[PDB]
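A quick write-up on the structure given underneath.
Note that the numbering runs from 1 along the sequence shown for the chain. All ligand and atom numbering here is 1-based and tracks the order in the structure.
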Amino acid sequence: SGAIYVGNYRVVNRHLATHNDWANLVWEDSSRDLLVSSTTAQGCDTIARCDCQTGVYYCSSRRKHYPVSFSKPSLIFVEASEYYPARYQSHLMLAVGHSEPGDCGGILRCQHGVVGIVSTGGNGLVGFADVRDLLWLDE
Ligand SMILES: NC(=O)[C@H]1CCC(=O)N([C@@H]2CCCc3ccccc32)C1
Ligand SMILES: [Zn+2]
């Protein structure tokens with residue numbers, strides 16, 4: 001589980017969004033596993049605006065933050081699961097690291113701020129849904 005709180009927005013994995021998120025929906029994209037909903041209070045996270053390929057992510061299944069190298073956002077095949085059939089997920093970045101389904105929502109950050117959240121995993125890999133192209137999150 002996990003979310004990014006920037007301004008009056010809440011960014012979560014779309015497969016983990018709640019009633020309030022859908023009711024106060026701002027934007028969603030199934031092909032990116034992302035959902036943004038409006039909030040009453042202001043958040044304090046800063047979104048990174050950069051091309052960094054190194055950062056640190058939180059792994060809840062290990063209670064540990066791991067430094068990682070990650071690929072650029074891409075269209076990657078994601079095997080079928082209980083939340084989606086087999087499909088290509090867009091704006092996805094992979095790293096070699098531990099990831100379990102309950103790890104989705106864990107933040108990936110660089111020196112510039114939040115890069116994205118855990119979305120995929122298994123086979124000794126971990127995938128992150130990029131949020132750095134979502135410029136409207138800053139306004
Ligand atoms: N974005 C998606 O299509 C995800 C939906 C929920 C979900 O569990 N996953 C995968 C399943 C395989 C193991 C695994 C480990 C860690 C994180 C995520 C997953 C894919
Ligand atoms: Zn950066």
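- Considering backbone and side-chain N/O atoms, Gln89 comes within less than 3.5 Å of an N/O atom of ligand 1.
- Taking only nitrogen or oxygen atoms, main chain and side chain alike, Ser99 does not reach within less than 3.5 Å of ligand 1.
- Residue contacts with ligand 1 for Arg14 are absent, since no atom lies close enough (heavy atoms, distance under 4.0 Å).
- Side-chain contact of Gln89 with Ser119: a donor-acceptor pair under 3.5 Å is present, judged by distance alone.
- At distances below 3.5 Å, at least one donor-acceptor pair connects side-chain atoms of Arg132 with backbone N or O atoms of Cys52.
- Residue contacts with ligand 1, taken as heavy atom pairs separated by less than 4.0 Å, involve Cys104 solely via side-chain atoms from C-beta onward.
- Geometrically, ligand 1 and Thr120 share no nitrogen or oxygen pair separated by less than 3.5 Å.
- Side-chain atoms of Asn20 and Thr18 form no donor-acceptor pair, as typed in the model, at a separation below 3.5 Å.
- For ligand 1 and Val78, the ligand atoms under 4.0 Å from any heavy atom of the residue are 3 (O).
- The distance from ligand 1 to the heavy atoms of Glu100 drops below 4.0 Å at these ligand atoms: 15 (C), 16 (C), 17 (C).
- At the shortest separation from atom 8 (O) of ligand 1 among protein heavy atoms lies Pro101 CB, 3.5 Å.
- Remark: the backbone N or O of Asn24 is not paired with any side-chain donor or acceptor of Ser37 at under 3.5 angstrom.
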Side chain to side chain contact (heavy atoms under 4.5 Å, CB included) for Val68 and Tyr57? Distances and angles first, verdict last. CA-CA 7 Å; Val68 282; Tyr57 83 100; 3.6 Å; yes

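- Remark: the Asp103 side chain and the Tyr58 side chain contain no N/O donor-acceptor pair separated by less than 3.5 Å.
- Listed by number with element, the atoms of ligand 1 under 4.0 angstrom from any heavy atom of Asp33 are 1 (N).
- A salt bridge links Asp21 with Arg10; the closest basic N to acidic carboxylate O contact falls under 4.0 Å.
- Proximity to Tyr83 (heavy-atom distance under 4.0 Å) selects the following atoms of ligand 1: 6 (C).
- Looking at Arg32 and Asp133, a side-chain N of the basic residue comes within less than 4.0 Å of a carboxylate O on the acidic one, giving a salt bridge.
- The closest approach between any non-hydrogen atom of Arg87 and ligand 1 is below 4.0 Å.
- Which parts of ligand 1 touch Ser119 is read off a 4.0 Å heavy-atom cut-off, strictly below it: atoms 1 (N), 2 (C), 4 (C), 18 (C), 20 (C).
- A donor-acceptor pair is defined here as one N or O able to donate and one able to accept, closer than 3.5 Å; no such pair exists between the side chain of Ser31 and the backbone of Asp29.
- Distances from the Zn ion (ligand 2) to each N, O or S atom of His112 single out ND1 as the nearest.
- Here the shortest heavy-atom pairing between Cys50 and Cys110 reads SG-SG, 3.7 Å.
- Distance check for atom 10 (C) of ligand 1: every protein heavy atom is found at 4.0 Å or beyond.
- Taking atom 12 (C) of ligand 1 as the reference point, the nearest protein heavy-atom neighbour is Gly121 O, 4.1 Å.
- To the nearest 10 degrees, the Zn ion (ligand 2) sees SG of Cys110 and SG of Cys52 at an angle of 120°.
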